[PDB]
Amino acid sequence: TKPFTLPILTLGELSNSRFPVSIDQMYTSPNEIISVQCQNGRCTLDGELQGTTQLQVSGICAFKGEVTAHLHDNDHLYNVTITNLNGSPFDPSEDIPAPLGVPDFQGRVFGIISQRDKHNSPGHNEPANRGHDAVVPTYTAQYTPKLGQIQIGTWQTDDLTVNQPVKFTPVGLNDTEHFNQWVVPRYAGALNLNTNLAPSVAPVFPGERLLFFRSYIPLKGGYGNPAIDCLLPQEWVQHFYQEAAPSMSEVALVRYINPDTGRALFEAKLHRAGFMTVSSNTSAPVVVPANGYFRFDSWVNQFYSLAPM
């Protein structure tokens, strides 16, 4: 049986799987956050990608599509018929919640909408281009990527062309209004239940809480320090997908190694579904040396009582 492994990466070498930025810290879940159900950064230990998870950092919270309408009520709004990230048509009958990569939380995502026209004009051997600041609200009835359509807003009011293809590059949040990182959008609107979701995850043992890989992401304006917590770094998603090592129990015991001594600084349960819990009474950053890294030690079971940290 192919042994299960983690890649060998320090905190400074880990990428967030829910927003395309570097990890800032490990962080234990607050008391009020007992269960979560994010859809990016979801992969079982045996290498099954789930939810809206795909392999590339450049796909996380990104999308592609075609501008299909410029709204006159508010000349700052445009409807986009989305595609898959590779540009191919999105088939809503596919067994996924929404096109892979789309945002998996409620918020006002800020980035750039870039448009390169599909054909050249006589006299020009390259296509025309225009790009602009844009906001993508994910908490409204207009965010229906599973129905093939998302609505965006710009600050400019007549420089996206209808029927030309777009790419959205996420940067951060526009503001913290309506930001709830743990509320999954209604990908097909209110008449339809989300389908094919990655399952909820939670500690099942008293005294345990979730261990997150956290990034503090940009904010275009206002006060705030918004956090995006992921269950697995993108590199672990990528590694498990490559390896497809069979899971021998429901819980992999992992230890954070200090390579100067070879000793464990703390231990965690890495559950088969692809998330970790720790025995901790506090919600706070987990301070570790820059050179430390997680290592798989052994398959255990769900009754294992972790050493407090």
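Residue indices: 1-based, along the sequence shown.
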Next on the checklist: Test of understanding: from the entry's C-alpha B-factors, which stretch has the higher mean, 88 to 96 or 171 to 179?
Outcome noted: 88 to 96
Checklist outcome for this item: Stretch with higher mean Cα temperature factor, 30 to 38 vs 274 to 282, is 30 to 38
Checklist entry - Can you tell me which of 144, 114, 106, 79 has the highest Cα temperature factor in the record? => result 79
Checklist entry - Can you tell me which of 159, 229, 235, 133 has the highest Cα temperature factor in the record? => result 159
Item to check | Within-chain third of residue 269 by Cα B-factor, per the entry | outcome: middle
Next on the checklist: Looking at the temperature factor on the CA atom of residue 261, which third of the chain's modelled residues does it land in?
Outcome noted: highest
Checklist entry - Ranked by Cα temperature factor within the chain, is residue 102 in the lowest third, the middle third or the highest third? => result lowest
Next on the checklist: Please say which third, lowest, middle or highest, residue 296 falls into when its CA temperature factor is compared across its chain.
Outcome noted: middle
Checklist entry - residue 72's Cα B-factor: lowest, middle or highest third of the chain? => result highest
